[PDB]
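Structure first, then comments.
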Amino acid sequence: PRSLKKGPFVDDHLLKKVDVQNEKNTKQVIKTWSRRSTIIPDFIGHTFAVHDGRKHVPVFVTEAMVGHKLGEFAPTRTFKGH
Amino acid sequence: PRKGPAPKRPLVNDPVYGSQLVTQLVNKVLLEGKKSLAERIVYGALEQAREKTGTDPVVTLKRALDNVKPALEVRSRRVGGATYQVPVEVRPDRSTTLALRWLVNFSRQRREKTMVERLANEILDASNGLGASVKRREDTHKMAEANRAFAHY
Amino acid sequence: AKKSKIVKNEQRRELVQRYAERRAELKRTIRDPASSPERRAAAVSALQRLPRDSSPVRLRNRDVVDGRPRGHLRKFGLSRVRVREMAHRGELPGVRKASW
Amino acid sequence: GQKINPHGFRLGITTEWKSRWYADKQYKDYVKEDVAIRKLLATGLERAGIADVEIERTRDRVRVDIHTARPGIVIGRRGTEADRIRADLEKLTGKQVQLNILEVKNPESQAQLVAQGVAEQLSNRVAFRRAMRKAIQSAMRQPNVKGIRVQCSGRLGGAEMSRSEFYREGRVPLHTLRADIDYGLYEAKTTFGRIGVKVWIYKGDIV
RNA sequence: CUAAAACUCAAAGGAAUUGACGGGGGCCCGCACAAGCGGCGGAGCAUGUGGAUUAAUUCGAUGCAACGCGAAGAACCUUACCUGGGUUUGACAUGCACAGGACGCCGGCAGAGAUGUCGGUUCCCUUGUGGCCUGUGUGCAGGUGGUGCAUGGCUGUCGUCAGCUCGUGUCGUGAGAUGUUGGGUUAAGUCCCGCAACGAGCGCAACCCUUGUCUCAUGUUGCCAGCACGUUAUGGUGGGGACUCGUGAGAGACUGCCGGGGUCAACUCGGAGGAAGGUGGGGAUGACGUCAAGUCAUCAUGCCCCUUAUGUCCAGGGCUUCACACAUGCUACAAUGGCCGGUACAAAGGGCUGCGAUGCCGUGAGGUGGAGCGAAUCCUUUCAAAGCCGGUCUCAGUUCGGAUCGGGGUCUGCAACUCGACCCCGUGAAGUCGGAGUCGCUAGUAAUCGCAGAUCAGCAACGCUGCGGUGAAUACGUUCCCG
C-alpha cells in the first residue's frame, strides 16, 4: 500500500469534479477513467462510472468501501467457466 | 574401469581405538561430510556397548562383523544370451564392506530413539547373533545355496 | 528495432534532463520529511501534473546503435550481440576472451 | 560459427589497435564520434581502396590517419577533396581534426585491398573462379607474401542455391599465434544479392 | 501340353561402385551399462509450455539439440495484442519549390491523455540569402507485415569424436579404387614396421589463460618477524623486506635418468629425484560437412504486401486469465532435527548524483543523518552460514512443515486494484520419503552451507553467471541398454 507520509493518492480531475458536485448537495452520475484513485469520505454519496476496459461500471460508494480504490469495483476479466 | 583396476584409498587408523575397522565404520555412517558428528556417534555407540557388556569395543565389534560377514552371494550373469542368478564367492574386502553397510543400514531403521543407541543395540545383537543384519546374511547365504546349480559358469 | 521507438527513447531522455533535474526532484524532497507540510502543499498533486515522461522510471537502456532493448550492458551501452562482434574484432580496448 | 576473427585473436600479441586514445568519463562519446568518423570516411570514399583508418585523440585535437591505394583520388590538387573531408570532419563535433592521407607500399599484400578488388571484379560480370585465380597468382608474386587463402560464399554466378568456395596456396596456420594473418572481408553487391569474400594472407611471423 | 487378344505402363531388367542399414561378424571407446551416492515421478509453491478461455491473452522456440528458452528484470514505458480517442510528407530523416521572421520556449484553461486554445519572449548571416518551422506541397519516409524452403551474418548439434580431402602416379571401358588398407601402439589418420604408392592440406598435439613449487625484483592503501609509542580498539601509530601478499622477469617435466618388456622400433610396466611423471588439474580453441536445425523480432536483405493504413501519438486494459496435462526448480515430510544463548574460520565482486558508517528513533522492514570513499585506504559491517559449546523440545501431523486467509505497516515508483518485494500479529493445508518408469555424478567430484555480480527506480531471483566452507561411497568387468 501507499506510504502514510505521502497521503492518499486521488487524481485531480475527479477531485475537482467531486468538490463541484458536493457544493450543491446533488449527486449525479460522475464518469471517470482513473481506477487508481482511492476512495475519500467525500465520495460517500456520489456514484462513479468507473472505466473497466470496454465500458463504465456504476459504483455507488458507501461508508464500508472507503479506503479502497475504484478499480476494485470494476472487474476487468470476464470468466464464466469451461 | 575399462582400462584396468583403480587404486584404493589408504584410510588412516583411528585415534582413540587405533583400528582400521572403526575408521571404515565412521566413513560408512558419514553423511553430508559431517565427520565430527559421525565420529561422535560411533564413539558413543562403542562406549555404550562397552558399558553394557563390560569388554573392549573392538573385540565385540569384530565378533559382530564375523557374525554378519558373508562368504557367498548371488549376481546376475548373462551367458549365451540368457541371464541367471549365479552364486559367486565374495572377496574379503567386499565381505567386510557389505557387513559394515548392512550394520549401518539396519541400525538406521531401529526404534531406539537415537542413532547412538540404535547402533549400539544393533552391534550388540550382531555380536550375540540376533541382529537383523545376521538375518540378512542368513537369507543371502540361503539364496546362494538355492541357486547352486548355476555355479558352473 | 523500430526507428520510431529508438527516437522516442531519446525524446524521453531530453524530457528527463529538462524536468526531472529539478522539478521532479524538489517535490520528492518535500515529501521525504514528515515534518515538511506535504498535505496542504499538494506536492504529490503538483508532481502528478508533470508529464509522465519526466519520470526516469519510463526510461529503457537500449543498444546505442542497434536499438536492442534486451541483453544490454551498462559498461558499453551495447547489446550482447554487438559486444560479442566488436570485442572479437578488437574494437573495445582491453577486452578479450576468458580462461581460468 | 567456426573461426574467430584473426585480428581479434592476435590483438594483444601481433596486431595493434586501430584507435589510440585514453578516456574514462568521455569513453562513450569518443566511441560515438569514432564510429561516425569511420562510417563517414567509408561512405565518402569508395573509388580508391581505403586500406585502414586510425584515429588518435588528445583533448581537443584529433588526428585521423587514412590509408588508401590511390591517394590522388581522395585528395584535391587545390585541396578540394581535402577541404571537403576537413569540413565534414569538423561537423562531426571533432573540434580540431586533422587528416593524414597515406599510401600503402604494396597494394596486393593487403588482405582488405585484395578482397576489395575481388569483390569489384565479381560484381559486374566476372566469373568468380577467374577472380580468385587472378588474385591468388598476383598475391604470390609479392616477396613477403608466403601464403594466401581466398573464400567466397553466396549465390555465386546468380544461381538459386548458395555455395561456398575457397582456394589456398602456401601455408595458412590460423591456429598459430606468432604468425600474422592479414584478414580482409568485403560484401560484393550483385543484382541477385550479396556475396561475401574473405581473404587470409600470411607474411612471416613475429616474436 | 498347344496357346491369344483388348487394355495399361516408359519402363522391366543383368553386373559392378560409393554410401546407409542389419534383431551379421571382429576389434575398440564414453557415468553407457555394472558397484555406489543423491535425486525426479507422490505434496505445497515459483517458472515455462500445451490446451481451454477471452476483446486481446503479441510473436518465435517442439527428442536428444523446444519447454527458469529469446525474457541479464512485462504495474505505466517496455509492447510488437485489444477497446477507444487523434494524426497524416506523417513519430523520425534528406532533396526540389512559394511566403516569413520566427522556430522555439514559459505560464493559464479544456481534455483520461494525445492534443487544442489563450496570455509574455523573440533570430543571427547579409542583401544574396543560409540555419527553423509553418502550411502548401512533391520526391519520400515509415512497417516487430509475409516468405530462415530466396539469403548474408550469428548460433546449436553429431562432437573435441578422429576423421575429411587434394596434387602426381597406378589399376578399371566407367561410376570409382590405392594413398586412408595390413601387424603393433596411442587420448588421437599419434607414431613405428610393411606396402603401387610418393607427398601435401584442414583436423590431433603444441604455441595462449588460470592453477600447483621455487628464484630474482618488489614495499602502499598490503605484511609486521626484531625494535619504540601506544589504550584498549585493534599494525592503531613511528618504524622495518624478515615471513605472507600484491605483480614484473625467470627457472622448473622434457620418458630427463635407472631397471624390465618389447623387431632394440614406436610404445609400455616399475623405480629414484622433484612441488608436480608420463597430454599434472581446469579452460579458450569445434576439420569437410549433416539435420533445407534456429533466427526476415539484434542487424542487413531479394521478392511480395500496407500507405489516409498492416505507419504514427495517447489513456485504459492484456501478455499474470484456468475444469486440466507436461517439464524444470525450491521448500518440506524431521531428532544426522527445530528453537534459544554464546562463539571461530573464506574467496570473489561492486560502488558518484552510487556505496554509504558512527549516533539517534522504531520490535521490524525501515526513518533521520551524513563520517569516509572513484576506492589493497571508506562502505559492502570488523564481512559469512554450515561448524563447535550450553539449555530446551521427546517421536506427536508435533516446538516438523509452511501453504492459504484476516488485520496492520515500510520502501520504490506520477501510480503497488487487475499486477511488486519486504516487515509485524493472528491463521496453520497437503505432506509419514513418494507406482510404472527415469536423471546427475569417478575426487576436492556428488551432497550440503553461505557470499557476490549482471539485468535493475523497485522487484516475480527459488532463475542465470561466478566465488569459496565442510566434504563422501563405489568401479569386480564389457554379457546386456544407449551413442
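The chains in the C-alpha cells are called A, B, ... from first to last as shown; in each chain the residues are counted from 1, and the ligands are counted from 1 in the order shown.
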Test item: residues at most 9 Å from range 65-70 of chain A, only C-alpha atoms (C1' of nucleotides), excluding those fewer than 2 positions along its chain, as a list in words: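 Surrounding residues, per the criterion: residues 8, 34, 35, 36, 37, 38, 39, 40, 41, 43, 44, 48, 50, 59, 61, 62, 63, 72, 73 and 74 of chain A; 417 of chain E.
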Selection above as a file: N, CA and C atoms (P, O5', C5', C4', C3', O3' and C1' of nucleotides), as a PDB file, in the first residue's frame:
```pdb
ATOM      1  N   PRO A   8      -3.059   9.921   0.847  1.00  0.00           N
ATOM      2  CA  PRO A   8      -3.784   9.143  -0.160  1.00  0.00           C
ATOM      3  C   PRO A   8      -3.698   9.804  -1.525  1.00  0.00           C
ATOM      4  N   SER A  34     -10.047   7.158 -14.016  1.00  0.00           N
ATOM      5  CA  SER A  34      -8.946   6.918 -13.086  1.00  0.00           C
ATOM      6  C   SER A  34      -9.361   5.840 -12.093  1.00  0.00           C
ATOM      7  N   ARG A  35      -9.036   4.589 -12.419  1.00  0.00           N
ATOM      8  CA  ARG A  35      -9.281   3.499 -11.483  1.00  0.00           C
ATOM      9  C   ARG A  35      -8.351   3.574 -10.278  1.00  0.00           C
ATOM     10  N   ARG A  36      -7.159   4.148 -10.454  1.00  0.00           N
ATOM     11  CA  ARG A  36      -6.147   4.155  -9.406  1.00  0.00           C
ATOM     12  C   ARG A  36      -6.493   5.067  -8.239  1.00  0.00           C
ATOM     13  N   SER A  37      -7.475   5.950  -8.392  1.00  0.00           N
ATOM     14  CA  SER A  37      -7.821   6.871  -7.320  1.00  0.00           C
ATOM     15  C   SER A  37      -8.469   6.119  -6.166  1.00  0.00           C
ATOM     16  N   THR A  38      -8.027   6.415  -4.947  1.00  0.00           N
ATOM     17  CA  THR A  38      -8.624   5.812  -3.767  1.00  0.00           C
ATOM     18  C   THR A  38     -10.001   6.418  -3.514  1.00  0.00           C
ATOM     19  N   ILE A  39     -10.646   5.966  -2.443  1.00  0.00           N
ATOM     20  CA  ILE A  39     -11.974   6.432  -2.069  1.00  0.00           C
ATOM     21  C   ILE A  39     -11.843   7.304  -0.830  1.00  0.00           C
ATOM     22  N   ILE A  40     -12.361   8.525  -0.916  1.00  0.00           N
ATOM     23  CA  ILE A  40     -12.277   9.515   0.153  1.00  0.00           C
ATOM     24  C   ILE A  40     -13.652   9.600   0.809  1.00  0.00           C
ATOM     25  N   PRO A  41     -13.745   9.867   2.118  1.00  0.00           N
ATOM     26  CA  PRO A  41     -15.066  10.082   2.736  1.00  0.00           C
ATOM     27  C   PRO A  41     -15.896  11.172   2.069  1.00  0.00           C
ATOM     28  N   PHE A  43     -16.688  10.962  -0.986  1.00  0.00           N
ATOM     29  CA  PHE A  43     -17.379  10.240  -2.044  1.00  0.00           C
ATOM     30  C   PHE A  43     -18.583   9.463  -1.531  1.00  0.00           C
ATOM     31  N   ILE A  44     -18.977   9.676  -0.272  1.00  0.00           N
ATOM     32  CA  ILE A  44     -19.909   8.773   0.404  1.00  0.00           C
ATOM     33  C   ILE A  44     -21.222   8.652  -0.362  1.00  0.00           C
ATOM     34  N   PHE A  48     -19.998   6.644  -9.139  1.00  0.00           N
ATOM     35  CA  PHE A  48     -18.985   6.821 -10.171  1.00  0.00           C
ATOM     36  C   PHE A  48     -19.209   5.848 -11.318  1.00  0.00           C
ATOM     37  N   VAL A  50     -16.986   4.090 -13.317  1.00  0.00           N
ATOM     38  CA  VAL A  50     -15.567   3.767 -13.376  1.00  0.00           C
ATOM     39  C   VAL A  50     -15.287   2.910 -14.602  1.00  0.00           C
ATOM     40  N   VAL A  59     -20.753   2.449  -9.754  1.00  0.00           N
ATOM     41  CA  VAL A  59     -20.389   2.043  -8.404  1.00  0.00           C
ATOM     42  C   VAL A  59     -20.892   3.111  -7.446  1.00  0.00           C
ATOM     43  N   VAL A  61     -20.785   4.515  -3.853  1.00  0.00           N
ATOM     44  CA  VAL A  61     -19.897   4.429  -2.702  1.00  0.00           C
ATOM     45  C   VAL A  61     -20.710   4.389  -1.413  1.00  0.00           C
ATOM     46  N   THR A  62     -20.172   3.698  -0.411  1.00  0.00           N
ATOM     47  CA  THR A  62     -20.752   3.643   0.924  1.00  0.00           C
ATOM     48  C   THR A  62     -19.655   3.906   1.948  1.00  0.00           C
ATOM     49  N   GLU A  63     -20.030   3.854   3.228  1.00  0.00           N
ATOM     50  CA  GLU A  63     -19.050   4.043   4.293  1.00  0.00           C
ATOM     51  C   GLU A  63     -18.130   2.838   4.416  1.00  0.00           C
ATOM     52  N   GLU A  72     -11.124  -1.693  -7.696  1.00  0.00           N
ATOM     53  CA  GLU A  72     -11.637  -2.892  -7.041  1.00  0.00           C
ATOM     54  C   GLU A  72     -13.033  -3.239  -7.540  1.00  0.00           C
ATOM     55  N   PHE A  73     -13.858  -2.226  -7.794  1.00  0.00           N
ATOM     56  CA  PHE A  73     -15.273  -2.432  -8.062  1.00  0.00           C
ATOM     57  C   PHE A  73     -15.598  -2.375  -9.549  1.00  0.00           C
ATOM     58  N   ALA A  74     -14.587  -2.477 -10.407  1.00  0.00           N
ATOM     59  CA  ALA A  74     -14.767  -2.571 -11.854  1.00  0.00           C
ATOM     60  C   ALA A  74     -13.961  -3.768 -12.338  1.00  0.00           C
TER      61      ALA A  74
ATOM     62  P     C E 417      -2.784  -1.611  -5.089  1.00  0.00           P
ATOM     63  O5'   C E 417      -3.487  -2.964  -5.547  1.00  0.00           O
ATOM     64  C5'   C E 417      -4.667  -3.420  -4.905  1.00  0.00           C
ATOM     65  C4'   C E 417      -5.724  -3.828  -5.901  1.00  0.00           C
ATOM     66  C3'   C E 417      -5.257  -4.668  -7.078  1.00  0.00           C
ATOM     67  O3'   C E 417      -5.177  -6.039  -6.735  1.00  0.00           O
ATOM     68  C1'   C E 417      -6.782  -2.976  -7.795  1.00  0.00           C
TER      69        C E 417
END
```
Show me, as a list in words, every residue of chain A with an atom at most 6 Å from chain E, counting only C-alpha atoms (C1' of nucleotides). residues 33, 53, 54, 71 and 72 of chain A
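When only C-alpha atoms are used to compute distances to residue 43 in chain B, the closest of the residues B:143, B:99, B:115, B:68 turns out to be B:115.
Proximity to chain B at a cut-off of 6 Å picks out residues 447, 448, 471 and 479 of chain E on chain E, counting only C-alpha atoms (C1' of nucleotides).
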Requested write-out: N, CA, C and O atoms (P, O5', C5', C4', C3', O3' and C1' of nucleotides) of the selected residues, as a PDB file, in the first residue's frame:
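For reference, result-v4.pdb as written:
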```pdb
ATOM      1  P     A E 447      24.694 -32.988  -6.394  1.00  0.00           P
ATOM      2  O5'   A E 447      24.744 -33.268  -4.828  1.00  0.00           O
ATOM      3  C5'   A E 447      23.934 -34.272  -4.238  1.00  0.00           C
ATOM      4  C4'   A E 447      24.160 -34.349  -2.752  1.00  0.00           C
ATOM      5  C3'   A E 447      23.903 -33.066  -1.980  1.00  0.00           C
ATOM      6  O3'   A E 447      22.533 -32.883  -1.671  1.00  0.00           O
ATOM      7  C1'   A E 447      25.988 -33.963  -1.337  1.00  0.00           C
ATOM      8  P     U E 448      21.841 -31.450  -1.868  1.00  0.00           P
ATOM      9  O5'   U E 448      22.340 -30.608  -0.612  1.00  0.00           O
ATOM     10  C5'   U E 448      22.046 -31.032   0.709  1.00  0.00           C
ATOM     11  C4'   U E 448      23.021 -30.454   1.703  1.00  0.00           C
ATOM     12  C3'   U E 448      23.124 -28.938   1.732  1.00  0.00           C
ATOM     13  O3'   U E 448      22.087 -28.324   2.475  1.00  0.00           O
ATOM     14  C1'   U E 448      25.290 -29.864   1.679  1.00  0.00           C
ATOM     15  P     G E 471      36.291 -31.689   6.343  1.00  0.00           P
ATOM     16  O5'   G E 471      35.155 -32.679   5.841  1.00  0.00           O
ATOM     17  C5'   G E 471      35.455 -33.706   4.914  1.00  0.00           C
ATOM     18  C4'   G E 471      34.316 -33.944   3.959  1.00  0.00           C
ATOM     19  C3'   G E 471      34.691 -34.639   2.664  1.00  0.00           C
ATOM     20  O3'   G E 471      34.802 -36.043   2.805  1.00  0.00           O
ATOM     21  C1'   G E 471      33.378 -32.750   2.172  1.00  0.00           C
ATOM     22  P     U E 479      31.341 -58.374 -24.088  1.00  0.00           P
ATOM     23  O5'   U E 479      30.344 -59.290 -23.252  1.00  0.00           O
ATOM     24  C5'   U E 479      29.684 -60.390 -23.857  1.00  0.00           C
ATOM     25  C4'   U E 479      28.274 -60.531 -23.346  1.00  0.00           C
ATOM     26  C3'   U E 479      27.365 -59.331 -23.560  1.00  0.00           C
ATOM     27  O3'   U E 479      26.826 -59.273 -24.869  1.00  0.00           O
ATOM     28  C1'   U E 479      27.150 -60.097 -21.335  1.00  0.00           C
TER      29        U E 479
END
```
Using DSSP assignments from the backbone, pull out every residue in range 4-207 of chain D that falls under strand (DSSP E) and give it to me as a PyMOL selection string. chain D and resi 19-20+50-58+61-68+96-103+147-154+163-170+179-190+193-205
Can I get the selection written as a compact mmCIF listing (two decimals), in the first residue's frame, with C-alpha atoms?
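After the write, selection.txt holds the following:
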```txt
# COMPACT_ATOMS: atom_id res chain seq x y z
CA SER D 19 42.06 3.55 -32.38
CA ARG D 20 44.52 5.10 -29.91
CA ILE D 50 40.62 2.55 -48.27
CA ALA D 51 43.04 0.17 -46.56
CA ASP D 52 42.79 1.40 -42.96
CA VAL D 53 41.62 4.23 -40.70
CA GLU D 54 43.33 5.15 -37.43
CA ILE D 55 42.04 7.81 -35.04
CA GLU D 56 44.08 9.46 -32.27
CA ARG D 57 42.57 11.88 -29.76
CA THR D 58 44.27 14.21 -27.27
CA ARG D 61 42.93 17.67 -31.19
CA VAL D 62 42.12 14.64 -33.35
CA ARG D 63 44.44 13.02 -35.91
CA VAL D 64 42.70 10.78 -38.45
CA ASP D 65 45.20 8.74 -40.48
CA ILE D 66 43.58 7.17 -43.54
CA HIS D 67 45.41 4.74 -45.83
CA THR D 68 44.45 4.28 -49.48
CA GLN D 96 40.08 20.49 -34.29
CA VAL D 97 40.53 17.45 -36.55
CA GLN D 98 43.45 16.98 -38.95
CA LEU D 99 43.88 14.23 -41.54
CA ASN D 100 46.97 12.28 -42.61
CA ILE D 101 46.33 10.72 -46.02
CA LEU D 102 48.80 7.90 -46.66
CA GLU D 103 49.60 5.29 -49.30
CA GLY D 147 50.52 -17.89 -48.02
CA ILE D 148 47.04 -16.92 -49.13
CA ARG D 149 43.52 -18.34 -48.87
CA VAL D 150 40.52 -16.75 -50.61
CA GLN D 151 36.96 -17.88 -49.90
CA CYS D 152 33.64 -16.60 -51.24
CA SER D 153 30.13 -17.53 -50.17
CA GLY D 154 26.68 -16.78 -51.53
CA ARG D 163 27.55 -22.08 -52.35
CA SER D 164 30.90 -21.67 -50.62
CA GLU D 165 34.22 -21.99 -52.45
CA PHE D 166 37.81 -21.48 -51.32
CA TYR D 167 41.29 -21.70 -52.84
CA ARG D 168 44.55 -21.83 -50.91
CA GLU D 169 48.23 -21.53 -51.83
CA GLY D 170 51.02 -21.88 -49.29
CA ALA D 179 52.25 -15.92 -37.36
CA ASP D 180 50.49 -12.77 -38.58
CA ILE D 181 47.43 -13.25 -40.79
CA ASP D 182 46.20 -10.22 -42.71
CA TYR D 183 42.43 -10.70 -42.88
CA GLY D 184 40.05 -8.91 -45.23
CA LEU D 185 36.28 -9.28 -45.61
CA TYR D 186 34.02 -7.46 -48.04
CA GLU D 187 30.50 -7.84 -49.44
CA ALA D 188 30.01 -7.55 -53.20
CA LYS D 189 26.62 -6.25 -54.35
CA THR D 190 25.18 -8.26 -57.23
CA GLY D 193 22.03 -10.31 -53.70
CA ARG D 194 25.19 -10.07 -51.61
CA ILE D 195 28.33 -12.21 -51.95
CA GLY D 196 30.77 -12.45 -49.06
CA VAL D 197 34.52 -12.54 -49.74
CA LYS D 198 37.14 -13.36 -47.11
CA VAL D 199 40.91 -13.33 -47.64
CA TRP D 200 43.68 -14.54 -45.33
CA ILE D 201 47.31 -13.76 -46.17
CA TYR D 202 50.44 -14.96 -44.35
CA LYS D 203 53.66 -12.87 -44.43
CA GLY D 204 56.12 -14.46 -41.99
CA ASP D 205 55.85 -14.49 -38.19
```
Please identify all residues of chain C having at least one atom at most 9 Å from any atom of chain A, considering only C-alpha atoms, and return them as a list in words.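 Taking only C-alpha atoms into account, residues 31, 32, 33, 34, 38, 39, 44, 45, 48 and 49 of chain C sit within 9 Å of chain A.
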Coordinates-based distance that separates CA of residue 67 in chain B from CA of residue 134 in chain B (Å, one decimal): 6.6 Å
Hey, which bits of chain E sit within 7 Å of chain D, and for each residue what's the closest pair of atoms and how far apart in Å (one decimal), counting only C-alpha atoms (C1' of nucleotides), rows by chain and increasing number, as JSON lines?
```
{"residue": "E:152", "atom": "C1'", "partner": "D:194", "partner_atom": "CA", "distance": 6.6}
{"residue": "E:155", "atom": "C1'", "partner": "D:1", "partner_atom": "CA", "distance": 6.8}
{"residue": "E:207", "atom": "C1'", "partner": "D:176", "partner_atom": "CA", "distance": 6.4}
{"residue": "E:286", "atom": "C1'", "partner": "D:2", "partner_atom": "CA", "distance": 6.6}
{"residue": "E:302", "atom": "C1'", "partner": "D:193", "partner_atom": "CA", "distance": 6.1}
```
File of the preceding selection, N, CA, C and O atoms (P, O5', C5', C4', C3', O3' and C1' of nucleotides), as a PDB file, in the first residue's frame:
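Below is the file that was written, again.pdb:
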```pdb
ATOM      1  P     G E 152      23.145 -17.929 -46.677  1.00  0.00           P
ATOM      2  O5'   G E 152      23.812 -16.513 -46.393  1.00  0.00           O
ATOM      3  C5'   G E 152      24.618 -15.879 -47.373  1.00  0.00           C
ATOM      4  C4'   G E 152      25.047 -14.507 -46.925  1.00  0.00           C
ATOM      5  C3'   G E 152      25.738 -14.441 -45.573  1.00  0.00           C
ATOM      6  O3'   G E 152      27.114 -14.764 -45.645  1.00  0.00           O
ATOM      7  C1'   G E 152      24.074 -12.773 -45.685  1.00  0.00           C
ATOM      8  P     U E 155      29.074 -17.590 -34.263  1.00  0.00           P
ATOM      9  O5'   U E 155      27.903 -18.493 -33.673  1.00  0.00           O
ATOM     10  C5'   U E 155      27.365 -18.223 -32.389  1.00  0.00           C
ATOM     11  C4'   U E 155      26.117 -19.026 -32.117  1.00  0.00           C
ATOM     12  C3'   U E 155      26.263 -20.537 -32.152  1.00  0.00           C
ATOM     13  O3'   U E 155      26.821 -21.066 -30.962  1.00  0.00           O
ATOM     14  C1'   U E 155      24.323 -19.901 -33.335  1.00  0.00           C
ATOM     15  P     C E 207      51.763 -25.455 -25.104  1.00  0.00           P
ATOM     16  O5'   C E 207      52.034 -24.138 -25.954  1.00  0.00           O
ATOM     17  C5'   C E 207      53.359 -23.714 -26.245  1.00  0.00           C
ATOM     18  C4'   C E 207      53.374 -22.683 -27.344  1.00  0.00           C
ATOM     19  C3'   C E 207      52.543 -21.433 -27.091  1.00  0.00           C
ATOM     20  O3'   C E 207      53.217 -20.472 -26.300  1.00  0.00           O
ATOM     21  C1'   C E 207      52.064 -22.272 -29.246  1.00  0.00           C
ATOM     22  P     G E 286      36.605 -22.656 -32.614  1.00  0.00           P
ATOM     23  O5'   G E 286      36.838 -23.855 -33.635  1.00  0.00           O
ATOM     24  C5'   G E 286      37.479 -25.056 -33.220  1.00  0.00           C
ATOM     25  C4'   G E 286      36.701 -26.275 -33.646  1.00  0.00           C
ATOM     26  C3'   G E 286      35.483 -25.987 -34.518  1.00  0.00           C
ATOM     27  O3'   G E 286      35.296 -27.057 -35.440  1.00  0.00           O
ATOM     28  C1'   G E 286      34.793 -27.061 -32.534  1.00  0.00           C
ATOM     29  P     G E 302      17.008  -5.468 -50.883  1.00  0.00           P
ATOM     30  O5'   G E 302      16.541  -6.527 -51.974  1.00  0.00           O
ATOM     31  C5'   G E 302      17.440  -6.988 -52.971  1.00  0.00           C
ATOM     32  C4'   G E 302      16.905  -8.213 -53.667  1.00  0.00           C
ATOM     33  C3'   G E 302      15.427  -8.175 -54.020  1.00  0.00           C
ATOM     34  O3'   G E 302      15.171  -7.471 -55.221  1.00  0.00           O
ATOM     35  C1'   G E 302      15.931 -10.230 -52.974  1.00  0.00           C
TER      36        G E 302
END
```
Within 9 Å of residue 42 in chain A, counting only C-alpha atoms (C1' of nucleotides), which residues qualify if same-chain residues fewer than 4 places away don't, as a ChimeraX atom specification? /A:18-19,22,46
Please, could you write that set of residues out with C-alpha atoms as a tab-separated table (two decimals), in the first residue's frame?
```tsv
chain	number	residue	atom	x	y	z
A	18	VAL	CA	-16.49	15.88	-6.59
A	19	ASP	CA	-15.92	19.28	-4.94
A	22	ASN	CA	-20.97	18.23	-3.46
A	46	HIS	CA	-21.61	10.05	-5.13
```
Enter the distance from CA of residue 104 in chain B to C1' of residue 389 in chain E, in Å, rounded to one decimal.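 Interatomic distance here is 28.0 Å.
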